[PDB]
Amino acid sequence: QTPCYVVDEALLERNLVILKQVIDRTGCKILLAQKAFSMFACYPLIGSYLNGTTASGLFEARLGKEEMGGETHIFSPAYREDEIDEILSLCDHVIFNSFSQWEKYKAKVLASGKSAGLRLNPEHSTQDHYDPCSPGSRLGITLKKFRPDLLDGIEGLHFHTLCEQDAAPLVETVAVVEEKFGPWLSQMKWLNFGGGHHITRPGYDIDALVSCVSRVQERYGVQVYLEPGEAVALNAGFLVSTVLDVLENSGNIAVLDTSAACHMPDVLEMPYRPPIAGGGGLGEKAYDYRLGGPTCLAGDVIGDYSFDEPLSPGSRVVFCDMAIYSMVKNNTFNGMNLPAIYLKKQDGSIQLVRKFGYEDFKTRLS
């Protein structure tokens, strides 16, 4: 039933095997950053390789705790007073964004017995200066604002500064963390290097990551955590769509039953061009098509692709790398029904996980 997401356990496992290699070679721990991928039908499988989850807030923390188990970590730029009590029940590690936040909740944290951390902003930009180390970032504590006199009760330090990056910028950022915050690392029980590590992308320098993690754990006597999101589900899911109509207007136009605006919003927002199985670039194959959504939106154009044979009503189009940053942020704009969610099991069978309908659209509006 199209449109539908399909997540493939064998492809998830290919990624998880690499992450488990890093765990086994270093003694570090690795958590799923749920903001990238929260498909909890897969949490038990993921939890059989990884150590738990991290969360952006109460809802992700509850989902990780209840559907995966293991360790449940959380970070937020600012916690809500009306949620901190439940957060401290669910989570075993809780990361604060500022000294004001830490001091506000310190008494409750100590009474809960859970492990408190602080997020650091090392001000070492390795992206495009969306970069958490860009000037004016609200994420993490800069050295100039760091309060060593207020570290009683802090057991960990955390940073997250990367996105789809290799080991070298991590190694470089760790060196800056040591230069700036070095005197306060020894007293911690754990350090968390964040996400953005493209660990499962072919060619990633696993050896450099292993060496860096091991050196830090040894030098400071800490447990290191990594919290990748994208790497867990990279190239492990698809979005399957059926062509509904084909028309001619200064070229071939295909109306699909999936919408970029509703079902893969980053395609339009970023923007980026998703891979299509059997699809090429314009002029690469025999037929060029502009693929558009079934919405009333002039701008809901998925992209221009070529195919060796015609697309016609009933043709199936398979978008790739559709597990990450997709289902976690899709919407019902224009009243489009949400795509169904399927799981392709490692034995090859396919299970319907979730099918949506009118009530899912209606209940958001009043």
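When you see a residue number, it is the position in the sequence shown, counting from 1.
- Unmodelled residues of the deposited sequence between residue 129 and residue 130: 1 to 3.
- The stretch 176-184 shows the higher mean C-alpha B-factor when 229-237 is compared against 176-184 in the entry.
- Between 151-159 and 187-195, the higher mean Cα B-factor belongs to 151-159.
- Residues shown: 335, 57, 339, 310. Highest C-alpha temperature factor in the entry: 310.
- Based on the entry's C-alpha B-factors, the most elevated value among 263, 104, 119, 93 belongs to 104.
- In the deposited entry, the Cα temperature factor of residue 141 places it in the middle third of its chain's modelled residues.
- Among all modelled residues in its chain, residue 220 ranks in the middle third by Cα B-factor.
- Ranked within its chain, residue 100 lands in the highest third, by CA B factor from the PDB record.
- When all modelled residues of the chain are sorted by CA temperature factor, residue 242 is found within the middle third.
- When all modelled residues of the chain are sorted by CA temperature factor, residue 22 is found within the lowest third.
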